[PDB]
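Student: This structure is in structure tokens; I'll ask about it shortly.
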Protein chains: 4
Amino acid sequence: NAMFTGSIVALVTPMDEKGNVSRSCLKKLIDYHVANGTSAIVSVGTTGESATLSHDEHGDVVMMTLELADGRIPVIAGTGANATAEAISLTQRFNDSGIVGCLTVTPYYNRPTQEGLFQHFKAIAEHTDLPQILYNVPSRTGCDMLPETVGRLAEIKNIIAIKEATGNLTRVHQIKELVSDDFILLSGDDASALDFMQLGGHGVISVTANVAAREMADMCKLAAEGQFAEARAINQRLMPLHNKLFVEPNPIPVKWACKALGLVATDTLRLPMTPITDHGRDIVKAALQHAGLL
Amino acid sequence: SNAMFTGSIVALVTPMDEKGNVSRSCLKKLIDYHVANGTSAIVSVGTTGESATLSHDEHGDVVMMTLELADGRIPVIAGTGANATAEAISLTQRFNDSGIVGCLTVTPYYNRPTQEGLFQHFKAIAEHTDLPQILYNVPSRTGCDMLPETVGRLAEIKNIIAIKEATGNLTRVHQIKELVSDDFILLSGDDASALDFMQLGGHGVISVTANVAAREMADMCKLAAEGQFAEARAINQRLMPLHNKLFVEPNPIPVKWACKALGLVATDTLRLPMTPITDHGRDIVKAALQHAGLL
Amino acid sequence: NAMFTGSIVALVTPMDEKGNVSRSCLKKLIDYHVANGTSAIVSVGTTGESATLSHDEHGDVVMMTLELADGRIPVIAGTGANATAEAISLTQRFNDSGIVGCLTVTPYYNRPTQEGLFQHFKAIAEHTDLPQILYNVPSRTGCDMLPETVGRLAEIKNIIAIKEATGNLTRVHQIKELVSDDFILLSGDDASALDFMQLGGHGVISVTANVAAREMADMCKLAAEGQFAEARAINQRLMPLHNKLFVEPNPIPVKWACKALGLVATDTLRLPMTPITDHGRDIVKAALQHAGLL
Amino acid sequence: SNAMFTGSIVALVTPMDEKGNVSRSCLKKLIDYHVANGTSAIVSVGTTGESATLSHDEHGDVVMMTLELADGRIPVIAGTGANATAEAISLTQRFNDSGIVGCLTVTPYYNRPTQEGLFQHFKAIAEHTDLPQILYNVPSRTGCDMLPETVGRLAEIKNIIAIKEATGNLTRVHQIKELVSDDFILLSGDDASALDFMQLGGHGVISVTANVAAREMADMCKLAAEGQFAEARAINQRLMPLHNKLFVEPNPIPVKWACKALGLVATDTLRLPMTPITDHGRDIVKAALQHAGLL
Ligand SMILES: [Cl-]
Ligand SMILES: [Cl-]
Ligand SMILES: [Cl-]
Ligand SMILES: [Cl-]
Ligand SMILES: [Cl-]
Ligand SMILES: [Cl-]
Ligand SMILES: [Cl-]
Ligand SMILES: [Cl-]
Ligand SMILES: [Mg+2]
Ligand SMILES: [Mg+2]
Ligand SMILES: [Mg+2]
Ligand SMILES: [Mg+2]
């Protein structure tokens, strides 16, 4: 479970000017994560523009990430969908594929009941052998998967973790009370992730890790070892990035930041995501200098 | 004249058999029901039609099925919402020269674009079709709130003609009206506040309740357009338990059960992740139907 | 009931540099409201710094307002308290006093139940002959008096009106359905007040009326006569004031605006209220020019 | 040393007879209970003590009664909150040279001052006393949220020593700690999250639950201060139904009933606008007391 703990990068999907996926930028990013202690890469999640990649593109990008990784770092596939049949289909695409697990978000827009969530994730789980990381982010989905529901789903053998993005830190022990000792809790909120780990969480699926991979890996290791004062000093250096990478909707700011650091050639996104505004750019650039990255 | 875009427009359920396959015989009944009862237009494969769980192709086939069954007797508006601009375009192109009268297109959900992103999204969609576009704002589902200033910018585009405003924030009526021409159409997307929305100057409602109270909703809208607000309020009071309790569980779980209870559809089957109505919800909806004098 | 409908001013309590109440400024304000068609004056409400006037000062300021009014305009006393015994006592202070009615807010800070609200307002009502205007403003009090509770209280003979400050316009017909035809609904939210009246409300207890009394009186009359297009043209001229009088906490901006228009000598407030900041001042000044008042 | 300002501090009820008069015999029992069971300090005439419905003079008399009954056996902290700065000063001056160890002072409620207003409010209060001041942030009651930056500014004043942070927003712990010296004290004002708050670096809790579980709360706080978080969590799990259900109706309605049920007070009478616990609430609190093994 080393691959499901610590600093896991919510990896950008780098694009050329046309919005086509850039293989050479992907190679650079993956090499960067291997070199700097990132525990694993989430491919085609939220920060990877899952929304504007086709069902097919999803597949290709994950397989490209897998190929470039070449066994040097674990890859987790983003496989969320708001229709259970589509989530199953996305999941089946990666059976026997070399990915180590899947990251699967609560259905968005249609606002299912907690029983609908249970049935959704149960069906997905039953259609694969792969480890499943649940993902709760009500600010994007309009659905809040409550702890009791997480508890029910944790009983399923291949439902192994949750990415809890609410920033509501009381959830850590609410979930822990209901699940086995080996169930994995991951922060989905960079600004509160160190707090989350100090309370008993096991890592973070991180946007900040895109541009501060070594610092994020170090902070998570320090936190795992109970060296909270030391972890906090790193967290303070990164706090402006934890906040300002969301000055405009993720991943607009983090793609610009990758560009500014030389990690990707362009910060192009696909509509409806837009290029960072001047005002946002100046703010991110300042945060990057506060962190000593630029 | 703009009548196909005003009054009571039904957010039509997509009826299914027990395997979750679309039921053509049920859709025939529903459409005949709306023809017979004063419904202005049918939204096909919108939110209440389980757009989320119909494939790209099914979006197409179910809208065409509905048009074929309407047989020119009632206008049909296609739900063409997507959170990727390229997908919204593709969905919209499917209906160019189809007989549908317009498209209902929701703000991108989940990815939370900026207002400029919204502007560019809807501008691109509008530029790839001749069909009239009805914008749709529902932040409680999308995580994105399209502000009145942004609606104003979009309303300058020739084929962006209307907004389905679902927030239930009634201040939006005149905030939008202040920014748009007098022919731009405002539609409620919140049944419980829709009469209020019309009394303030709105032009109609894209309605869930209208699935099971089509004549009543059509009458209420006509009265409100005529300034007959006391008469309209009497209908609204009769319907208010439905306006609320059709959301006791996530739409369209309650309204599909209610269609079944009234004999409009054969089954109330939904596709996962939507679930059959609970006993608790069912008893509540049944009571609201009886309050409305429909059961 | 003319005195409980139309444009009712939430009157500032003007002060000197020391925070003492300025009689001469009060005279000027009251003369202004007589001359410009204001239906009534609320004395020592929220905009009048009820919070930082003593139980005694409350009394004096209301009696001074009454004396300066000299029968030319009705005066309504702010008599809200979060303890029922204190609300009773404040109310009894004005029995046989010449005030036409009282404005009484839901208890703040202690967050009573709806039954606690019912009992609070019932006791107050039973201890006076004066008309009672309920006041709901959950953003300040932490208590939301729901329509059903308003309905129950409207059955009491001297509970005659509600100042509904939520800006939630669905409340108009929710309340109307539950009360007699003669119960009075007043907006407590200037930005939405014209909407509120268009839906069937009878007036507004207004901050904007402090600096645009004639315009507010006209808009309310137009609205009462069903001349909504004409009312709307006035509302558009005033909208920047409806919003920017709250650029900093009311009544910081409106007191500066009274000062800028020559209605009061100083814009001094009592702590914890603070002088308007430069940034707020510029914004209010601009709103006043948009309205053609400055 | 700072011990009177850390650990389990009780937000003590003000016990009343059936006419709503303060009951001295009941307060004696409560205070003896807290002496006997490890409570660090007593907050007298705070939020749970019905500060809102005690007069200015009663604020004074009840705090002095409590000090007299404590008889130097447990420290007493006076609630001195007011939404007018001049009133907070007057309330605070009442205790200069009284034997109380400090004051608990809430952000002004209802009038919604700016952060600078908060700064000036608390600065003026602090300048008119030698007593240590514990700031109190509870936006759900006040309509005002004192931000961490403002707490940092105030913490520079010599006799502003602590904050009771009631938001349950656990990110505030290190946001405040980053801005204040290492001797500034952070106390939870949210029983349900208080252990989490302490695990993150908080120093204690001003607690409602401690009214009916004083020994348990004292033990949990001691364990958390010692880093014994698993042992502390076991107590927290036992108490969590109380931490929640003591707010099933507005505090202090439930906790006064619970004191009565446990024989700590003679009556659970409150002053209007607070009301006797409903049957529904009573059954819920009784069940939580039984879950905690206190009844
Ligand atoms: Cl992700
Ligand atoms: Cl979230
Ligand atoms: Cl729809
Ligand atoms: Cl919404
Ligand atoms: Cl007022
Ligand atoms: Cl409010
Ligand atoms: Cl307290
Ligand atoms: Cl709070
Ligand atoms: Mg730009
Ligand atoms: Mg069932
Ligand atoms: Mg200043
Ligand atoms: Mg009772």
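The way I read the labels, and the way they are meant: chains A, B, ... in the order of the structure tokens, residue 1 as the first residue of every chain, and ligand 1 as the first ligand shown, with later ones counted on from there.
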What residues in chain D have any atom no more than 8 Å from chain C when counting only C-alpha atoms, and can you write them as a ChimeraX atom specification?

Tutor: /D:47,52-53,83-86,108-114,116-118,120-121,140-143,249-250,271-275

Student: Mind writing the picked residues with C-alpha atoms as an mmCIF file, in the first residue's frame?

Tutor:
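Output contents, as saved in out.cif:
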data_model
loop_
_atom_site.group_PDB
_atom_site.id
_atom_site.type_symbol
_atom_site.label_atom_id
_atom_site.label_comp_id
_atom_site.auth_asym_id
_atom_site.auth_seq_id
_atom_site.Cartn_x
_atom_site.Cartn_y
_atom_site.Cartn_z
ATOM 1 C CA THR D 47 -23.639 31.240 26.490
ATOM 2 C CA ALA D 52 -28.644 36.721 27.094
ATOM 3 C CA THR D 53 -31.460 36.640 29.673
ATOM 4 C CA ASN D 83 -22.182 43.933 21.389
ATOM 5 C CA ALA D 84 -21.532 47.542 22.529
ATOM 6 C CA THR D 85 -17.883 48.250 23.442
ATOM 7 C CA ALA D 86 -18.936 50.565 26.264
ATOM 8 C CA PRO D 108 -20.301 41.569 19.049
ATOM 9 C CA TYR D 109 -23.490 39.909 17.818
ATOM 10 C CA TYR D 110 -26.215 41.336 15.600
ATOM 11 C CA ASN D 111 -24.431 44.572 14.544
ATOM 12 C CA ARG D 112 -21.853 42.697 12.425
ATOM 13 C CA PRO D 113 -18.714 44.933 12.871
ATOM 14 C CA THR D 114 -15.785 44.850 10.442
ATOM 15 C CA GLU D 116 -11.085 46.481 12.369
ATOM 16 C CA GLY D 117 -14.169 47.048 14.562
ATOM 17 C CA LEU D 118 -13.461 43.743 16.293
ATOM 18 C CA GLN D 120 -10.881 48.126 18.304
ATOM 19 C CA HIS D 121 -13.601 46.473 20.456
ATOM 20 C CA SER D 140 -23.468 30.834 13.820
ATOM 21 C CA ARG D 141 -24.817 32.873 16.805
ATOM 22 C CA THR D 142 -23.303 36.354 16.193
ATOM 23 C CA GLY D 143 -23.362 36.871 12.413
ATOM 24 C CA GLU D 249 -32.694 21.724 20.593
ATOM 25 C CA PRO D 250 -30.888 25.083 21.149
ATOM 26 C CA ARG D 271 -35.958 32.011 30.736
ATOM 27 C CA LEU D 272 -37.881 33.015 27.634
ATOM 28 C CA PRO D 273 -37.207 32.947 24.760
ATOM 29 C CA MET D 274 -35.660 29.615 25.616
ATOM 30 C CA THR D 275 -38.267 26.898 26.122
#

Student: Per DSSP on the backbone, filter stretch 61-187 of chain B down to the residues in strand (DSSP E) and report them as a ChimeraX atom specification.

Tutor: /B:76-79,102-106,133-137,160-165,185-187

Student: Could the residues in this selection be written to a file with C-alpha atoms, as an mmCIF file, in the first residue's frame?

Tutor:
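Generated file (result-v9.cif):
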data_model
loop_
_atom_site.group_PDB
_atom_site.id
_atom_site.type_symbol
_atom_site.label_atom_id
_atom_site.label_comp_id
_atom_site.auth_asym_id
_atom_site.auth_seq_id
_atom_site.Cartn_x
_atom_site.Cartn_y
_atom_site.Cartn_z
ATOM 1 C CA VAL B 76 -39.915 19.364 -29.233
ATOM 2 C CA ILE B 77 -36.768 20.909 -27.669
ATOM 3 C CA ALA B 78 -33.677 18.688 -27.398
ATOM 4 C CA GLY B 79 -31.495 18.549 -24.297
ATOM 5 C CA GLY B 102 -34.571 24.424 -30.255
ATOM 6 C CA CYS B 103 -32.059 23.171 -27.732
ATOM 7 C CA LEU B 104 -31.824 23.250 -23.939
ATOM 8 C CA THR B 105 -28.125 23.509 -22.961
ATOM 9 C CA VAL B 106 -26.868 23.399 -19.359
ATOM 10 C CA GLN B 133 -30.563 27.925 -27.739
ATOM 11 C CA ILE B 134 -32.072 28.051 -24.242
ATOM 12 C CA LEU B 135 -29.366 28.447 -21.649
ATOM 13 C CA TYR B 136 -29.839 26.506 -18.402
ATOM 14 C CA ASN B 137 -28.534 27.569 -14.996
ATOM 15 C CA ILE B 160 -29.415 32.533 -27.880
ATOM 16 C CA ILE B 161 -33.046 33.280 -27.078
ATOM 17 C CA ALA B 162 -33.894 32.195 -23.524
ATOM 18 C CA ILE B 163 -32.734 31.072 -20.086
ATOM 19 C CA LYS B 164 -34.083 28.270 -17.855
ATOM 20 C CA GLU B 165 -33.189 29.794 -14.467
ATOM 21 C CA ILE B 185 -37.257 34.745 -22.832
ATOM 22 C CA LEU B 186 -36.996 33.875 -19.120
ATOM 23 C CA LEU B 187 -38.211 30.453 -17.949
#

Student: Output chain C as a short mmCIF file (atom, residue, chain, number, x, y, z; two decimals) with C-alpha atoms, in the first residue's frame, after least-squares fitting it to chain A on all in-order C-alpha pairs.

Tutor:
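Saved to out02.cif:
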data_model
loop_
_atom_site.label_atom_id
_atom_site.label_comp_id
_atom_site.auth_asym_id
_atom_site.auth_seq_id
_atom_site.Cartn_x
_atom_site.Cartn_y
_atom_site.Cartn_z
CA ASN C 1 0.00 0.00 0.00
CA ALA C 2 2.98 2.37 -0.34
CA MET C 3 1.59 3.22 -3.75
CA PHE C 4 -1.76 4.38 -2.16
CA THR C 5 -0.23 6.56 0.60
CA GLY C 6 1.96 9.68 0.77
CA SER C 7 2.01 12.27 -2.03
CA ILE C 8 0.03 11.13 -5.08
CA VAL C 9 -0.02 13.60 -7.97
CA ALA C 10 -3.32 14.61 -9.64
CA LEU C 11 -1.41 14.86 -12.92
CA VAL C 12 -2.18 17.49 -15.55
CA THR C 13 -2.81 16.28 -19.08
CA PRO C 14 -0.38 18.52 -21.01
CA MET C 15 -1.55 19.77 -24.39
CA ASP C 16 -0.21 21.47 -27.49
CA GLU C 17 -1.73 24.72 -28.91
CA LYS C 18 -4.43 22.66 -30.54
CA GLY C 19 -5.49 20.91 -27.35
CA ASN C 20 -3.97 17.63 -28.48
CA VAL C 21 -2.18 15.63 -25.77
CA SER C 22 1.60 16.23 -25.74
CA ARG C 23 3.54 12.99 -25.33
CA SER C 24 6.88 14.73 -24.81
CA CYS C 25 5.46 16.92 -22.02
CA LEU C 26 3.92 13.82 -20.42
CA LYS C 27 7.33 12.11 -20.50
CA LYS C 28 8.89 15.16 -18.80
CA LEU C 29 6.18 15.22 -16.09
CA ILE C 30 6.45 11.50 -15.37
CA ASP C 31 10.29 11.67 -15.23
CA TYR C 32 9.90 14.55 -12.76
CA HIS C 33 7.61 12.50 -10.50
CA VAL C 34 9.91 9.45 -10.57
CA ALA C 35 12.86 11.62 -9.61
CA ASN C 36 11.20 13.48 -6.77
CA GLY C 37 9.55 10.85 -4.59
CA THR C 38 5.91 11.01 -5.66
CA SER C 39 4.17 7.85 -4.54
CA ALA C 40 1.87 7.45 -7.55
CA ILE C 41 0.29 9.26 -10.47
CA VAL C 42 -3.46 9.71 -10.98
CA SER C 43 -3.97 9.80 -14.79
CA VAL C 44 -7.03 11.52 -16.26
CA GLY C 45 -8.61 12.69 -13.05
CA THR C 46 -10.11 16.07 -12.40
CA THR C 47 -6.81 17.97 -12.72
CA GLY C 48 -6.17 15.95 -15.88
CA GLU C 49 -9.26 17.35 -17.62
CA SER C 50 -11.24 14.09 -17.46
CA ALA C 51 -14.31 16.12 -18.47
CA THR C 52 -13.03 17.13 -21.91
CA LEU C 53 -11.25 13.90 -22.90
CA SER C 54 -13.46 11.33 -24.70
CA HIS C 55 -14.21 7.86 -23.29
CA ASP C 56 -11.41 6.78 -25.76
CA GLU C 57 -8.89 9.52 -24.94
CA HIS C 58 -9.25 8.60 -21.29
CA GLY C 59 -7.99 5.15 -22.26
CA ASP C 60 -5.11 6.25 -24.50
CA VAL C 61 -3.75 8.83 -22.05
CA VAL C 62 -3.74 6.36 -19.19
CA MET C 63 -1.93 3.76 -21.40
CA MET C 64 0.61 6.38 -22.54
CA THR C 65 1.21 7.36 -18.91
CA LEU C 66 1.67 3.65 -18.11
CA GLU C 67 4.13 3.19 -20.98
CA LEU C 68 6.24 6.26 -20.08
CA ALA C 69 6.19 5.26 -16.40
CA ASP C 70 7.76 1.93 -17.46
CA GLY C 71 7.31 0.38 -14.01
CA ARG C 72 9.15 3.19 -12.23
CA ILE C 73 6.05 4.70 -10.61
CA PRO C 74 2.51 3.35 -10.01
CA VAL C 75 -0.35 4.66 -12.18
CA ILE C 76 -3.92 5.07 -10.98
CA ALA C 77 -6.65 5.56 -13.68
CA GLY C 78 -9.41 8.13 -13.27
CA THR C 79 -12.54 6.22 -14.05
CA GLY C 80 -15.37 8.33 -12.64
CA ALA C 81 -18.74 8.60 -14.43
CA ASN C 82 -22.21 9.75 -13.49
CA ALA C 83 -23.80 6.71 -15.14
CA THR C 84 -23.00 3.36 -13.53
CA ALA C 85 -22.94 1.60 -16.90
CA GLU C 86 -20.29 4.06 -18.13
CA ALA C 87 -18.19 3.76 -14.94
CA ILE C 88 -18.22 -0.03 -15.40
CA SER C 89 -17.22 0.33 -19.03
CA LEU C 90 -14.34 2.77 -18.22
CA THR C 91 -13.14 0.36 -15.49
CA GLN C 92 -13.23 -2.70 -17.74
CA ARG C 93 -11.04 -0.87 -20.23
CA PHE C 94 -8.14 -1.19 -17.71
CA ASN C 95 -8.53 -4.77 -16.46
CA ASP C 96 -5.14 -6.56 -16.99
CA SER C 97 -3.65 -3.15 -18.00
CA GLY C 98 -0.81 -2.59 -15.47
CA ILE C 99 -2.59 0.24 -13.61
CA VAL C 100 -2.54 -0.41 -9.86
CA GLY C 101 -6.01 0.97 -9.10
CA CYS C 102 -8.79 3.34 -10.06
CA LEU C 103 -10.00 6.70 -8.76
CA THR C 104 -13.81 6.91 -9.09
CA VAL C 105 -15.83 10.01 -8.26
CA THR C 106 -19.41 10.14 -6.91
CA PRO C 107 -21.83 10.71 -9.79
CA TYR C 108 -22.09 14.42 -10.57
CA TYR C 109 -25.14 16.45 -11.76
CA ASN C 110 -27.77 13.75 -11.14
CA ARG C 111 -27.55 13.87 -7.33
CA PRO C 112 -28.20 10.22 -6.43
CA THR C 113 -29.23 9.10 -2.92
CA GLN C 114 -26.72 7.47 -0.57
CA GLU C 115 -28.25 4.11 -1.57
CA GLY C 116 -27.70 5.07 -5.24
CA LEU C 117 -24.02 5.77 -4.38
CA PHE C 118 -23.78 2.38 -2.61
CA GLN C 119 -25.27 0.60 -5.62
CA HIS C 120 -23.09 2.59 -8.08
CA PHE C 121 -19.78 1.78 -6.40
CA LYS C 122 -20.82 -1.79 -5.58
CA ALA C 123 -21.52 -2.53 -9.26
CA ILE C 124 -18.26 -0.98 -10.38
CA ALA C 125 -16.32 -2.90 -7.76
CA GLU C 126 -17.98 -6.19 -8.76
CA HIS C 127 -16.81 -5.69 -12.40
CA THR C 128 -13.08 -5.53 -11.70
CA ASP C 129 -10.26 -6.97 -9.65
CA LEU C 130 -8.63 -3.56 -9.35
CA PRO C 131 -8.44 -1.56 -6.12
CA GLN C 132 -11.01 1.29 -6.03
CA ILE C 133 -10.41 4.69 -4.46
CA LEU C 134 -13.69 6.48 -3.85
CA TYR C 135 -13.75 10.21 -4.43
CA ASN C 136 -15.98 12.70 -2.61
CA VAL C 137 -16.02 16.37 -3.90
CA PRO C 138 -19.53 17.80 -3.39
CA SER C 139 -18.45 21.29 -4.45
CA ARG C 140 -18.13 19.86 -8.03
CA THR C 141 -20.74 17.05 -8.07
CA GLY C 142 -23.71 18.28 -6.06
CA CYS C 143 -23.53 14.92 -4.13
CA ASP C 144 -22.02 14.46 -0.64
CA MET C 145 -21.07 10.85 0.11
CA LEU C 146 -21.43 10.69 3.85
CA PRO C 147 -19.19 8.69 6.21
CA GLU C 148 -21.80 6.02 6.90
CA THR C 149 -21.97 5.36 3.13
CA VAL C 150 -18.17 5.19 2.93
CA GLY C 151 -18.35 2.67 5.82
CA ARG C 152 -20.78 0.42 3.95
CA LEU C 153 -18.69 0.51 0.79
CA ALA C 154 -15.40 -0.16 2.69
CA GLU C 155 -16.74 -3.62 3.48
CA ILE C 156 -16.25 -4.53 -0.23
CA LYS C 157 -12.86 -6.23 -0.68
CA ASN C 158 -11.55 -4.06 -3.53
CA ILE C 159 -12.86 -0.73 -2.20
CA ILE C 160 -9.69 0.27 -0.42
CA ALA C 161 -9.54 4.05 -0.04
CA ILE C 162 -11.31 7.43 -0.19
CA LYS C 163 -10.14 10.78 -1.60
CA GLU C 164 -12.05 13.15 0.68
CA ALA C 165 -11.98 16.59 -0.89
CA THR C 166 -14.40 18.50 1.35
CA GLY C 167 -11.76 20.01 3.62
CA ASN C 168 -14.08 18.99 6.42
CA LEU C 169 -11.51 17.56 8.81
CA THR C 170 -14.07 15.98 11.21
CA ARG C 171 -14.63 13.34 8.45
CA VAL C 172 -11.27 11.73 9.19
CA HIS C 173 -12.34 10.15 12.46
CA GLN C 174 -15.97 9.85 11.37
CA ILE C 175 -14.76 7.56 8.56
CA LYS C 176 -12.02 5.82 10.57
CA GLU C 177 -14.58 4.77 13.27
CA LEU C 178 -16.55 2.91 10.55
CA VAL C 179 -13.86 1.19 8.55
CA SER C 180 -11.13 -1.34 9.08
CA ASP C 181 -7.63 -0.30 10.19
CA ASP C 182 -6.30 -0.98 6.65
CA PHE C 183 -8.77 1.31 4.80
CA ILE C 184 -6.89 4.29 3.35
CA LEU C 185 -7.91 7.94 3.84
CA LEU C 186 -6.49 10.48 1.36
CA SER C 187 -6.94 14.21 1.38
CA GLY C 188 -8.36 15.85 -1.77
CA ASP C 189 -7.81 19.38 -0.42
CA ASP C 190 -4.19 20.56 -0.53
CA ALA C 191 -4.69 23.48 1.93
CA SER C 192 -5.95 21.14 4.66
CA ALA C 193 -3.98 17.98 3.70
CA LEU C 194 -1.33 18.25 6.43
CA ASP C 195 -4.10 18.74 9.03
CA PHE C 196 -5.85 15.67 7.53
CA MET C 197 -2.69 13.56 7.87
CA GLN C 198 -1.98 14.83 11.38
CA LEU C 199 -5.48 13.59 12.34
CA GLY C 200 -4.74 10.08 10.96
CA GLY C 201 -5.05 10.38 7.16
CA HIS C 202 -2.52 8.49 5.03
CA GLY C 203 -1.72 10.88 2.23
CA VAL C 204 -3.03 13.34 -0.34
CA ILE C 205 -4.05 13.26 -3.99
CA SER C 206 -2.50 16.59 -4.71
CA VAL C 207 -2.62 19.43 -7.18
CA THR C 208 0.36 21.19 -5.55
CA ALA C 209 2.46 18.08 -6.14
CA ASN C 210 2.39 18.93 -9.87
CA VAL C 211 4.89 21.80 -9.20
CA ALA C 212 6.36 20.93 -5.75
CA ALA C 213 6.72 17.16 -5.95
CA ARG C 214 9.77 16.80 -3.73
CA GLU C 215 8.41 19.17 -1.09
CA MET C 216 5.04 17.40 -1.05
CA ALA C 217 6.67 13.90 -0.84
CA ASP C 218 8.89 15.13 2.07
CA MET C 219 5.96 16.73 3.97
CA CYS C 220 3.93 13.52 3.67
CA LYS C 221 6.84 11.38 4.86
CA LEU C 222 7.53 13.69 7.79
CA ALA C 223 3.83 13.57 8.69
CA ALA C 224 3.80 9.75 8.48
CA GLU C 225 6.75 9.72 10.91
CA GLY C 226 5.03 12.08 13.38
CA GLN C 227 7.47 14.91 12.65
CA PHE C 228 4.64 17.46 12.44
CA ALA C 229 6.65 20.58 13.26
CA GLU C 230 8.98 19.83 10.35
CA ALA C 231 6.03 18.98 8.04
CA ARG C 232 4.41 22.28 9.05
CA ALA C 233 7.47 24.32 8.01
CA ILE C 234 7.15 22.85 4.51
CA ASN C 235 3.36 23.36 4.55
CA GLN C 236 3.90 27.08 5.32
CA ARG C 237 6.22 27.50 2.32
CA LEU C 238 3.60 25.79 0.12
CA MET C 239 0.41 27.38 1.58
CA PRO C 240 0.30 30.16 -0.98
CA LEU C 241 0.35 27.54 -3.74
CA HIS C 242 -2.18 25.34 -1.93
CA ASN C 243 -4.55 28.37 -2.10
CA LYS C 244 -3.58 30.21 -5.31
CA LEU C 245 -3.54 27.16 -7.56
CA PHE C 246 -7.31 27.66 -7.15
CA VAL C 247 -7.33 31.43 -7.84
CA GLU C 248 -9.13 30.36 -11.06
CA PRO C 249 -10.76 26.90 -11.56
CA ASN C 250 -8.32 23.94 -11.33
CA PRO C 251 -6.44 23.13 -13.52
CA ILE C 252 -6.12 26.60 -15.13
CA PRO C 253 -3.52 27.82 -12.58
CA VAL C 254 -1.52 24.62 -12.21
CA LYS C 255 -1.08 24.25 -15.99
CA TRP C 256 0.31 27.80 -16.19
CA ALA C 257 2.59 27.03 -13.26
CA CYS C 258 3.92 23.84 -15.03
CA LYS C 259 4.59 25.98 -18.06
CA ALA C 260 6.40 28.64 -16.00
CA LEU C 261 8.63 25.95 -14.41
CA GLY C 262 9.52 24.36 -17.76
CA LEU C 263 7.60 21.12 -17.06
CA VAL C 264 5.23 21.51 -20.03
CA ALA C 265 5.57 23.42 -23.35
CA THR C 266 2.09 25.10 -23.27
CA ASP C 267 -0.66 25.71 -20.73
CA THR C 268 -3.42 25.09 -23.25
CA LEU C 269 -6.70 23.67 -21.93
CA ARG C 270 -9.85 22.54 -23.66
CA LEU C 271 -13.04 24.56 -23.53
CA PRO C 272 -14.92 25.33 -21.34
CA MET C 273 -11.66 25.73 -19.42
CA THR C 274 -9.89 28.97 -20.33
CA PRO C 275 -6.29 30.34 -20.27
CA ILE C 276 -5.32 31.90 -16.98
CA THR C 277 -6.12 35.63 -16.81
CA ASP C 278 -3.41 38.20 -16.23
CA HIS C 279 -4.62 38.79 -12.71
CA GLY C 280 -4.43 35.03 -11.92
CA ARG C 281 -1.07 34.66 -13.58
CA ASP C 282 0.54 37.38 -11.46
CA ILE C 283 -0.89 35.79 -8.29
CA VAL C 284 0.37 32.27 -9.19
CA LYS C 285 3.76 33.61 -10.19
CA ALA C 286 4.00 35.32 -6.78
CA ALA C 287 2.98 32.08 -4.98
CA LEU C 288 5.68 30.20 -6.94
CA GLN C 289 8.31 32.75 -5.77
CA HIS C 290 7.03 32.48 -2.13
CA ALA C 291 7.63 28.75 -2.41
CA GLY C 292 11.14 29.36 -3.80
CA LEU C 293 10.25 27.46 -7.02
CA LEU C 294 10.62 30.45 -9.34
#

Student: Any residue with an atom at most 7 Å from ligand 12 counts, using only C-alpha atoms and all ligand atoms. Which are they? Put them as number ranges by chain.

Tutor: D: 276-279

Student: Can you spit out the residues from that selection as a PDB file, in the first residue's frame, using C-alpha atoms?

Tutor:
ATOM      1  CA  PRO D 276     -38.578  23.567  28.003  1.00  0.00           C
ATOM      2  CA  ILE D 277     -37.252  20.615  26.099  1.00  0.00           C
ATOM      3  CA  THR D 278     -39.810  18.911  23.841  1.00  0.00           C
ATOM      4  CA  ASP D 279     -40.755  15.249  24.346  1.00  0.00           C
TER       5      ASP D 279
END

Student: At a cut-off of 7 Å and counting only C-alpha atoms and all ligand atoms, what residues surround ligand 3? Please answer as number ranges by chain.

Tutor: B: 11, 43, 46-48, 79, 206
